[PDB]
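# Fold and contact review
Residues per chain, in single letters:
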Amino acid sequence: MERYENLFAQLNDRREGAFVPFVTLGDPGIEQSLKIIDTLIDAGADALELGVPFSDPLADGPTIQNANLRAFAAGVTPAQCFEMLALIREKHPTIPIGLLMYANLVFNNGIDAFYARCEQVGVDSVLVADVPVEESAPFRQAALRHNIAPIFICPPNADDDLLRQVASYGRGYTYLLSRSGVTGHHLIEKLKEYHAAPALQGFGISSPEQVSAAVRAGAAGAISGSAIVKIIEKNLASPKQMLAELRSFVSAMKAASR
Amino acid sequence: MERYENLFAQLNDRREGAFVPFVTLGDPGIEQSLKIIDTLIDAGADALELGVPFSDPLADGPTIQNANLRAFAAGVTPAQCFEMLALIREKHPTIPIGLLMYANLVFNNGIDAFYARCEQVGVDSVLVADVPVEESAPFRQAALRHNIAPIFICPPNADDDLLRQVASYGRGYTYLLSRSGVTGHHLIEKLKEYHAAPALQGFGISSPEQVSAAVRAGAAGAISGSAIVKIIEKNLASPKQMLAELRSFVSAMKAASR
Amino acid sequence: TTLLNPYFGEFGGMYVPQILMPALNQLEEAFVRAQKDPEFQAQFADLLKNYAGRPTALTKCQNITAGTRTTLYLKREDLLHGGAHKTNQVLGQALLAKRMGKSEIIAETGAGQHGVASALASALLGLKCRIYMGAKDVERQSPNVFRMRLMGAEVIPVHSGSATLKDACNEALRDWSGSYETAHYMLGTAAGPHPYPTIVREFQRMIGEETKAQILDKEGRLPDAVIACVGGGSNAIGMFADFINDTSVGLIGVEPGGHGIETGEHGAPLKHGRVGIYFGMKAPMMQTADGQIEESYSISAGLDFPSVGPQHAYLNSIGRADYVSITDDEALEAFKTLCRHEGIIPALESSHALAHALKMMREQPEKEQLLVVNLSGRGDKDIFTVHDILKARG
Amino acid sequence: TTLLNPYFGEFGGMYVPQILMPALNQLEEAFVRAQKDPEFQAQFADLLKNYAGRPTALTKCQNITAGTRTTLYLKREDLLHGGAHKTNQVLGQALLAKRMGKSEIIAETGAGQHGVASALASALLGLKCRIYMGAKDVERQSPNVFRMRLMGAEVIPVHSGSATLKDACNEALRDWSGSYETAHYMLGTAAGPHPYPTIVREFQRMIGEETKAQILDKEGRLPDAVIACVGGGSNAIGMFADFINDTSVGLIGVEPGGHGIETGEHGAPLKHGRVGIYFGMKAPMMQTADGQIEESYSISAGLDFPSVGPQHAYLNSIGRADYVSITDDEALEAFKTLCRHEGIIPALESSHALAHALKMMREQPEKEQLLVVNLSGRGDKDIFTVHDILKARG
Ligand SMILES: O=P(O)(O)OCCNS(=O)(=O)c1ccc2ccccc2c1
Ligand SMILES: O=P(O)(O)OCCNS(=O)(=O)c1ccc2ccccc2c1
Ligand SMILES: *Cc1c(COP(=O)(O)O)cnc(C)c1O
Ligand SMILES: *Cc1c(COP(=O)(O)O)cnc(C)c1O
Ligand code: NA
Ligand code: NA
């Protein structure tokens with residue numbers, strides 16, 4: 001949580017939104033993934049959304065489905081992901097790190113133990129893709145006990161009741177879904193009215209103009225995943241070129257938030 | 001009919017039974033079949049039982065099933081069979097000629113017309129394999145109108161009623177079945193008591209001792225088919241040898257009837 | 001003589017070798033006695049209900065008739081145990097065999113459905129079952145052959161003749177003529193020598209009886225016509241029987257037209273064959289000008305009987321029933337239509353009946369008519385056949 | 001909140017992305033209203049009776065139990081339209097979809113049976129049906145794929161993950177999360193997020209209700225135990241439901257043991273898996289030590305669901321129901337036995353249930369027991385599988 005508060009406070013004083021890229025840990029390999037992440041940060045990423053490879057990412061489109069597959073082809077495990085996370089944290093002390101998880105990986109060795117591991121590694125938030133507010137209790141409680149922000153999702157059709165729940169239970173940032181489906185304005189005002197965590201718009205954000213639009217609409221920033229991952233997928237044969245493209249894309253998206 | 005009466009009268013004066021072989025007309029070919037038949041006669045056959053090739057001989061075992069098949073392979077038709085019959089009659093004026101038919105071939109162009117054709121060609125009797133006494137009326141009537149003997153079958157389990165019917169309706173000779181199934185003593189006395197046509201035992205007769213036994217039991221003679229046909233089947237590649245074997249077998253079977 | 005009339009007008013009879021007459025006489029007597037035996041009827045009803053699954057549904061097909069004044073119902077024999085109407089009569093015949101003290105069953109089969117039905121009935125009732133099947137049919141019906149064997153039946157290929165159904169029919173009779181003492185010949189259709197045409201009709205009669213009760217319940221009146229495919233005639237006579245005396249009810253039998261009657265490649269002996277004497281009966285059949293028996297062609301292996309039940313030939317002659325034909329393509333279209341519009345995969349055999357019903361509806365869309373099609377069986381068995389055909393056409 | 005409890009003890013729940021909650025809430029409300037609607041119940045009953053063929057028979061199997069004190073009955077879902085129990089609930093779900101004003105259907109399928117059932121229901125009720133199937137499953141189930149297409153369904157191969165059932169399950173949810181406005185997700189078993197476990201049970205409940213009425217009629221008492229195979233749990237809960245409050249009636253669920261539990265190649269998550277959270281529910285499942293989801297292995301493709309209905313996990317936890325496993329070989333033996341002794345070809349899935357019943361009988365031959373096995377489906381579809389295996393053994 002803490003790191004998000006500081007980030008948004010700083011970004012506000014500079015009148016700019018945050019640009020948060022998403023990537024699957026270990027895709028296409030542990031070493032290359034660590035380089036990709038350092039490139040993303042050096043290029044302007046304000047925070048990171050990192051996925052732990054899962055066998056059945058039922059909320060992700062083909063692009064990320066393949067990221068998980070490439071990571072598995074590399075033998076990337078949750079334990080190795082936590083090793084990567086510790087290192088990333090040791091290298092970058094202030095950048096907020098959020099994990100994109102699927103319930104079974106959090107529940108597997110005990111929910112409380114999972115968030116405890118997140119805390120010791122330096123993770124700031126955890127978004128469990130297949131855990132709606134209705135089933136969130138155990139997750140948000142464990143998160144808070146270990147100073148981890150539990151990320152809640154505000155869908156486009158969210159009614160007043162949901163908005164109020166997302167506003168009171170969430171921390172770090174509120175995930176503002178751009179649309180229904182999987183990965184590949186009025187609510188913003190309501191969230192602010194209910195003192196919800198700063199909103200980050202996600203899903204379908206792949207161009208600089210979308211980032212500027214999100215900030216203009218009142219969002220604190222925007223998240224982009226598939227657009228980032230596509231760059232990795234298209235440059236698998238050329239590691240160096242992959243980083244080059246990533247840097248150019250991230251710098252462009254970040255510039256749009258200023 | 002006429003020819004059977006004379007034959008049995010003559011055979012009686014010589015205290016001997018009749019030996020009647022069966023063969024399928026046109027098996028293995030028209031020419032060879034005509035030679036086979038002349039061989040059978042020259043070797044001692046007292047009468048002949050001749051089958052007209054039929055697509056579904058449901059009362060015949062494998063041996064004769066194949067005789068029909070070989071005849072069909074030769075393109076032998078009922079019309080050609082009648083041409084053969086006329087010739088056989090023109091060559092042998094006194095030998096009784098009986099046809100082994102299946103109902104459809106008799107019914108095909110009209111029952112009356114079939115027996116009329118039999119008469120003009122010189123046939124003496126007709127046995128329709130799949131026509132029991134119960135369905136015999138039209139057949140026996142047409143037969144009698146054209147001086148053709150309708151052959152009736154006396155099965156081994158024949159009750160008194162059947163014996164009486166076979167005795168009054170039949171002519172030429174009474175077919176005494178050796179057993180149930182398909183091709184491959186007290187009744188004899190009952191038949192004589194009812195003035196039935198002389199009995200000829202058939203089915204399974206393949207050795208000289210069987211012929212002598214039939215005559216001893218009181219039968220007027222014996223019919224042999226498969227045994228004859230097997231000789232044809234085993235010597236297809238050697239026409240001359242086929243006739244030689246046929247002559248030796250027929251002469252042996254006939255000698256046993258004396 | 002006999003207890004019942006072996007003839008339906010000029011058709012029928014008992015044209016079998018003399019040696020088999022005692023077997024037919026015994027069977028007729030056992031049948032007549034069984035029909036008057038409350039215990040036999042109770043056992044048969046028990047098996048039909050608790051084992052086979054009777055009564056079968058009478059499904060109203062609303063989608064397929066949309067836009068017309070035709071109301072179509074399908075008598076669901078496809079839901080009967082075994083997937084076809086054949087099961088009804090094999091259960092009755094199996095009981096008859098046991099009533100006569102027989103412990104063995106002999107059966108003939110073409111497509112293999114009757115063989116499967118005979119095998120399942122024999123397995124259930126503890127009868128030793130041996131089945132005769134044409135060699136060409138054994139080769140083309142591997143699934144059904146394996147089913148028969150799984151149920152303990154002995155399958156015997158017949159290589160004589162054309163190695164098809166008629167040939168299997170001959171081999172069955174050859175065997176029975178020498179074993180009738182302990183074996184019963186479970187004939188597969190409403191044909192052959194008396195008393196089979198009669199016995200098979202009576203053991204399939206519940207199809208029509210149920211249809212009458214069901215249509216009266218659902219529509220309050222009898223159908224304008226009941227339609228059924230005719231291979232040998234059992235499912236058709238089964239549907240027709242109880243309606244014969246209801247003169248307002250049309251009886252329509254559908255023979256397979258194959259590639260088209262004019263092509264000579266069909267299986268419609270009743271309307272396009274010639275009366276002959278074979279398989280123990282006098283009836284119209286597929287035969288050469290010389291009187292040799294020919295095979296029946298149809299995309300549907302089950303409509304391959306080269307002749308037709310004597311009672312159908314009779315009902316036709318007196319004008320009580322009408323018979324028509326449906327080609328391979330018309331049957332295929334009806335098959336595709338039922339799958340897509342009602343979610344029911346019909347046997348290609350049954351598809352012939354449906355096809356004619358569809359024609360009656362489509363040719364006169366504004367004619368108000370209540371039709372019942374006997375869906376003699378399901379077509380899961382025909383999906384490959386239909387698949388291969390469709391693909392070969394692009 | 002919700003109208004009904006989403007949990008059965010600790011199992012169940014609604015673990016789906018936030019975006020799908022409105023879809024689940026709408027479905028639950030539509031279900032609850034439908035259950036109180038006499039018109040809905042009448043329409044559903046009409047379809048079950050006149051289209052699907054209910055009630056199904058309850059067959060007493062006298063031969064198979066000879067020499068023992070076991071009386072065995074088989075609830076004949078194999079005689080239901082489609083050849084399996086799946087048809088019952090797809091008809092109810094299709095009606096629910098129409099009640100909600102939906103015109104499209106999304107379904108997942110492994111062996112292909114649910115896909116076929118979904119397709120036939122959609123064809124009948126005028127719904128546009130699209131089915132997701134694992135690529136490896138599409139390749140191995142060509143027959144079922146063709147059937148779905150013949151019935152107008154759109155079949156979509158899934159190449160992600162292991163390209164099997166669980167993967168198809170994911171793709172179904174991905175699609176629905178963006179189309180629930182006009183499409184209904186016809187889940188194939190008594191699992192997944194609430195309200196599916198409850199809805200599927202209630203739409204299969206007639207199996208047990210009929211069995212109770214039928215056994216009371218035929219035996220004058222309830223069975224000592226009802227036995228059913230457990231893939232996802234629908235046919236089992238369908239049989240169990242009406243007997244849950246009859247404490248004297250044992251409820252036995254049979255999971256596939258594959259090559260043997262100790263080999264790790266099985267499909268018995270309830271007794272040998274570990275509780276996890278996947279496919280929208282908290283339930284025992286096949287998963288690695290790390291929490292990655294694994295596949296379920298069984299000779300029977302239909303028992304491939306890598307998890308199990310929440311209500312089964314619950315009934316087990318409180319000791320109301322007992323669960324056991326049956327290996328490939330035991331199922332194969334039961335399959336062969338039923339074919340040969342009763343003339344019924346059971347689905348390999350159902351053969352697992354029969355196998356355990358046979359074990360209960362054979363292990364204690366003198367124990368007097370009245371057993372009912374849910375014969376969830378027919379095995380005509382498994383003859384090749386059984387054939388290939390047997391031959392490879394000489
Ligand atoms: O640019 P994209 O590919 O459209 O989206 C990127 C997804 N990454 S993410 O923000 O980590 C992310 C992933 C899946 C989710 C499913 C349900 C709730 C929220 C989610 C958040
Ligand atoms: O020596 P075989 O092969 O046993 O028998 C020879 C058969 N020829 S035959 O006598 O012309 C003959 C053929 C078939 C029959 C069936 C039913 C009634 C009588 C018949 C007479
Ligand atoms: C055997 C069969 C037929 C043909 O025989 P009939 O005796 O004419 O009924 C028709 N439909 C099905 C499904 C069959 O199995
Ligand atoms: C689908 C199927 C099953 C397995 O699923 P449940 O949901 O566990 O019933 C079992 N038997 C048959 C015949 C099936 O088709
Ligand atoms: Na016919
Ligand atoms: Na399972």
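The rules we used
- Residues numbered from 1 in each chain as written, not as in the entry; some residues may be left out.
- Chains lettered and ligands numbered in written order.
- Heavy atoms only, no water.
- Residues with missing side-chain atoms left out of burial classes, pairs and counts.
- UniProt positions renumbered as here; feature names shortened; annotations may be inferred.
- Near = heavy atom within 4 Å.
- Polar contact = N/O pair within 3.5 Å; in protein donor to acceptor, adjacent residues only side chain to side chain.
- Areas by Shrake-Rupley, 256 points an atom, 1.4 Å probe, with all protein chains shown as cover.
- Nonpolar A, V, L, I, M, F, W, Y, C, P; charged D, E, K, R; others polar.
- Domains from an automatic or database assignment.
- Contact = heavy atoms within 4.5 Å.
- Buried area = accessible area lost by both parts, 1.4 Å probe.
- Salt bridge = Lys/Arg side-chain N within 4 Å of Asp/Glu carboxyl O.
- Helix = DSSP H or I, 4+ residues; strand = E, 2+ residues; numbered from the N terminus.

Method information in the entry identifies X-ray crystallography as the source of the structure, with 1.70 Å recorded as the resolution.

In the annotation of the PDB entry, chain C is listed under the name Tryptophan synthase beta chain and assigned to Salmonella typhimurium. Looking at chain C in UniProt, the text filed under Function is "The beta subunit is responsible for the synthesis of L-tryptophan from indole and L-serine." Heading Subunit of the UniProt record for chain C holds this comment: "Tetramer of two alpha and two beta chains."

As recorded by the PDB entry, chain A carries the name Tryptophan synthase alpha chain and is attributed to Salmonella typhimurium. You can read under Function in the UniProt record for chain A the words "The alpha subunit is responsible for the aldol cleavage of indoleglycerol phosphate to indole and glyceraldehyde 3-phosphate." UniProt, in the comment section headed Pathway, describes chain A in these words: "Amino-acid biosynthesis; L-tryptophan biosynthesis; L-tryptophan from chorismate: step 5/5."

## A word on the site of ligand 2
All names here are of chain B. Near ligand 2 lie 17 residues; those nearest to it are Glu-49, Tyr-175, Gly-204, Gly-225 and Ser-226. Between ligand 2 and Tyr-175 there is a distance of 2.6 Å, counted from an oxygen atom to a side-chain nitrogen or oxygen. Between ligand 2 and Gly-184 there is a distance of 3.2 Å, counted from an oxygen atom to a backbone nitrogen or oxygen. The protein chains hide 98% of the 510 Å² of surface that ligand 2 would expose on its own. Tallied by class, residues from the shell around ligand 2 come to nine nonpolar, six polar and two charged.

## With respect to the site of ligand 3
Residue and element names in this part refer to chain C. In the region of ligand 3, 17 residues are neighbours, and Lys-86, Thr-189, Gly-233, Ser-234 and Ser-376 sit closest. Contact distances for ligand 3 include 3.0 Å between an oxygen atom and a side-chain N or O atom of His-85. Notes on ligand 3: free accessible area 380 Å², of which the protein chains cover 97%. In terms of residue class, the shell around ligand 3 is built from four nonpolar, eleven polar and two charged. Split by domain, the shell around ligand 3 shows at least three residues from each of two domains, domain 1 (8-52 + 86-204) and domain 2 (53-85 + 205-394).

## So, the interface of chain D and chain C
Between chain D and chain C, the contact holds 41 residues from the first and 41 residues from the second. Counting the surface lost from both chain D and chain C, the interface buries some 3300 Å², and carbon and sulfur atoms represent 59% of this. Remark: the boundary between chain D and chain C carries four salt bridges. Elements represented by at least two residues in the side of chain D that touches chain C include exactly helix 2 (38-52), strand 3 (58-60), helix 4 (113-124), helix 6 (142-150), helix 13 (328-342) and helix 15 (383-391) of chain D. Tallied by class, residues from the side of chain D that touches chain C come to 21 nonpolar, nine polar and eleven charged.

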